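Enquirer: Shown below is the structure under consideration.
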Amino acid sequence: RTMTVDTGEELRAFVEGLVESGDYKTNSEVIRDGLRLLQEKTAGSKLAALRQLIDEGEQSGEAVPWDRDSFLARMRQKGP
Amino acid sequence: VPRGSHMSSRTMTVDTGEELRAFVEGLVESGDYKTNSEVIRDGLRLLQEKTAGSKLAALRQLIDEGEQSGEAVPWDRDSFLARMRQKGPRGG
Amino acid sequence: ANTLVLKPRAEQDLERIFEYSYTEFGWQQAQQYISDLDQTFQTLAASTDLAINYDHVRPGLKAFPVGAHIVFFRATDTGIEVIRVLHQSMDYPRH
Amino acid sequence: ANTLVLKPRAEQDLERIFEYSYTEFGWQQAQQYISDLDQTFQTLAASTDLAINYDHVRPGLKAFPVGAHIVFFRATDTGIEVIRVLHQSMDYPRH
């Protein structure tokens, strides 16, 4: 399971340079190193992050009845 | 894009492995980030920041590793390109 | 019939989950996944004992897994109220 | 003729540069890029005044740009000795 991403030119060139220098084997290795840093930055505050997501749900307005048929109709209406 | 010109968007297809893939997926589905690309860019910015203060040391190390890699030998463009062709089929 | 309501942001979570699955697997898989979510919603609205106590996140908060996601909800007098549907990578289980 | 020699690691740089260009753009563009590097190699071997002084990295080190890359080299008695060919994102220019 891969993903195709647009890094923008500045970070694309950053990735290319690290691969061509031989410091990293592939684009993927560079990307994974970056993602590990992003995961580490938040690894210690998962409870606060979850609390914030829950609170943002709670504060998002009055709950409304779940209507599966309306949901799926809205999903197909988006770019049929 | 104006007629006669072409798109120059440049993507890359990467394998993050299952653990980091699920990490990216959750950040996108939570609405914290709009796309996989935004998550990956935040990661790359952190990696760029971590090494931004040691570019001189990093380049010295690359140069020294070149110096220590063996005695220098002649360069021949056609032989190099021949050797590139021998690694496998080439197209385009 | 047990009641089943969603916070607006939970419904937006479902839309993001649908689109993520759609982009990588197509319509049939995305609809199936929302169907699994919908079936679990109905099961949670009928059976209080399935809910996992998530007081350690917020008092009265409940959680339940479905696929790679977690329904975060509260019990009501007649059913449940879904607060968020989040990828399991966002979880914080009890210590 | 002025002499042109490459460190083994510089040759491995060129292989990685070629393969990266090939994956993106195909054979014609990747071989052209190497050919442009080779033309720059030959010009540097003949013209001492083109070399950019990179003493601030290592005494005697020289640099010169080609495309998105930088040739790092030393002057010899009869020409140049290429040490690395690096992407310009690795550069540390003189302050």
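By convention in this document, the chains of the structure tokens carry letters A, B, ... by their order, each chain's residues are numbered from 1, and ligands are numbered from 1 in the order they are shown.
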Taking 4 positions as the minimum chain separation for residues in the same chain, which residues sit within 7 Å of residue A:57 when counting only C-alpha atoms? Answer as a list in words.
Expert: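 Near neighbours after the sequence-gap exclusion: residues 53 of chain A; 7, 9, 10, 83 and 84 of chain C.
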Enquirer: As a PDB file with C-alpha atoms, in the first residue's frame, which residues of stretch 3-63 of chain D does DSSP assign to alpha helix (DSSP H)?
Expert:
ATOM      1  CA  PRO D   8      34.949   6.126  -6.914  1.00  0.00           C
ATOM      2  CA  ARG D   9      32.314   7.786  -4.736  1.00  0.00           C
ATOM      3  CA  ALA D  10      31.837  10.536  -7.351  1.00  0.00           C
ATOM      4  CA  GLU D  11      31.227   7.825  -9.950  1.00  0.00           C
ATOM      5  CA  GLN D  12      28.655   6.288  -7.604  1.00  0.00           C
ATOM      6  CA  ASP D  13      27.071   9.734  -7.234  1.00  0.00           C
ATOM      7  CA  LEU D  14      26.692   9.912 -10.999  1.00  0.00           C
ATOM      8  CA  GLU D  15      25.062   6.470 -11.046  1.00  0.00           C
ATOM      9  CA  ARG D  16      22.538   7.558  -8.398  1.00  0.00           C
ATOM     10  CA  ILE D  17      21.927  10.840 -10.239  1.00  0.00           C
ATOM     11  CA  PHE D  18      21.382   8.956 -13.482  1.00  0.00           C
ATOM     12  CA  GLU D  19      18.978   6.477 -11.895  1.00  0.00           C
ATOM     13  CA  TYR D  20      16.997   9.217 -10.162  1.00  0.00           C
ATOM     14  CA  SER D  21      16.679  11.109 -13.440  1.00  0.00           C
ATOM     15  CA  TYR D  22      15.844   7.908 -15.328  1.00  0.00           C
ATOM     16  CA  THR D  23      13.010   6.938 -12.973  1.00  0.00           C
ATOM     17  CA  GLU D  24      11.482  10.407 -13.360  1.00  0.00           C
ATOM     18  CA  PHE D  25      12.143  11.178 -17.010  1.00  0.00           C
ATOM     19  CA  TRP D  27      16.491   7.274 -20.860  1.00  0.00           C
ATOM     20  CA  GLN D  28      16.864  10.206 -23.250  1.00  0.00           C
ATOM     21  CA  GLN D  29      16.721  12.854 -20.522  1.00  0.00           C
ATOM     22  CA  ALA D  30      18.837  10.935 -18.010  1.00  0.00           C
ATOM     23  CA  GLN D  31      21.638  10.248 -20.475  1.00  0.00           C
ATOM     24  CA  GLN D  32      21.516  13.877 -21.612  1.00  0.00           C
ATOM     25  CA  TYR D  33      21.918  15.023 -18.010  1.00  0.00           C
ATOM     26  CA  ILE D  34      25.048  12.864 -17.580  1.00  0.00           C
ATOM     27  CA  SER D  35      26.304  14.173 -20.918  1.00  0.00           C
ATOM     28  CA  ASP D  36      25.871  17.760 -19.675  1.00  0.00           C
ATOM     29  CA  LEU D  37      27.786  16.862 -16.513  1.00  0.00           C
ATOM     30  CA  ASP D  38      30.527  15.373 -18.703  1.00  0.00           C
ATOM     31  CA  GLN D  39      30.759  18.571 -20.818  1.00  0.00           C
ATOM     32  CA  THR D  40      31.095  20.589 -17.599  1.00  0.00           C
ATOM     33  CA  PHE D  41      33.786  18.145 -16.385  1.00  0.00           C
ATOM     34  CA  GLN D  42      35.756  18.745 -19.586  1.00  0.00           C
ATOM     35  CA  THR D  43      35.431  22.530 -19.369  1.00  0.00           C
ATOM     36  CA  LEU D  44      36.578  22.577 -15.736  1.00  0.00           C
ATOM     37  CA  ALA D  45      39.592  20.429 -16.619  1.00  0.00           C
ATOM     38  CA  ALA D  46      40.659  23.026 -19.202  1.00  0.00           C
TER      39      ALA D  46
END
Enquirer: Chain D vs chain C: Cα RMSD after least-squares superposition over all Cα in order?
Expert: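 Across all paired C-alpha atoms, the RMSD is 0.2 Å.
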Enquirer: Could you work out which residues of chain A fall inside 6 Å of chain B? Count only C-alpha atoms, and format the result as a PyMOL selection string.
Expert: chain A and resi 2-7+28+32+34-35+38
Enquirer: In Å, rounded to a single decimal, give me how far atom CA of residue A:22 is from atom CA of residue D:48.
Expert: 29.1 Å
